[PDB]
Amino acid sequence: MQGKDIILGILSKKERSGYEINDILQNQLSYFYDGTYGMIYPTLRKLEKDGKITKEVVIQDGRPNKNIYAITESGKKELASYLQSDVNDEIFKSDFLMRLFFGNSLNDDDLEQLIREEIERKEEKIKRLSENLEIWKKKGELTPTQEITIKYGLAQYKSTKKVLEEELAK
């Protein structure tokens, strides 16, 4: 699963500025796509080169330039093809879990802190996903399949947060 595919997805229904695409990817869709920093800009560049999207540079007095991206016919074709494709294995790499797995030396304080910091991360993600669920629902935009993904995401966050809470409780 590539950044290019989720970006075409984001651009399927609307022309969007880079700001808006980044907002969607970082703040809305991160419960199912959270990769490495700085994927978006090189990937937008390649999608443009490959003719899957267009880029418009909007100039305004006294403001930074704004880039507006729009899917092309070929881009829509590529998205449609991708959604017809066999599902790829999920990718999951948890640094937190790695630290605990290889955490023989961790003293009690260091371990306790790692657990608390991860609990806070889960709380932040739950809050954000919960807030988007509410807004999407309020706006009448949430589709039934989207609803499933949110229920899935929340369950994921809450179940693992609970494990850590239960650990801290002893």
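Note that residue numbering follows the sequence shown and begins at 1.
Chemist: Quick check: 81 to 89 versus 95 to 103, which has the larger average CA B-factor in the record?
Modeler: Higher mean C-alpha B-factor in the PDB entry: 81 to 89.
Chemist: Which is higher in the entry, the mean Cα B factor of 161 to 169 or that of 4 to 12?
Modeler: It is 161 to 169 that shows the higher mean C-alpha B-factor.
Chemist: Tell me, please, which of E124, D34, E56, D61 has the highest C-alpha B factor according to the deposited entry?
Modeler: When the deposited C-alpha B-factors of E124, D34, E56, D61 are compared, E124 is largest.
Chemist: Going by the CA temperature factor in the entry, name the top one among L133, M39, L47, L29.
Modeler: The listed residue with the largest C-alpha B-factor is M39.
Chemist: Ranking the modelled residues of this chain by C-alpha B-factor as given in the entry, is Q113 in the lowest, middle or highest third?
Modeler: Tercile = highest for this residue's CA B-factor.
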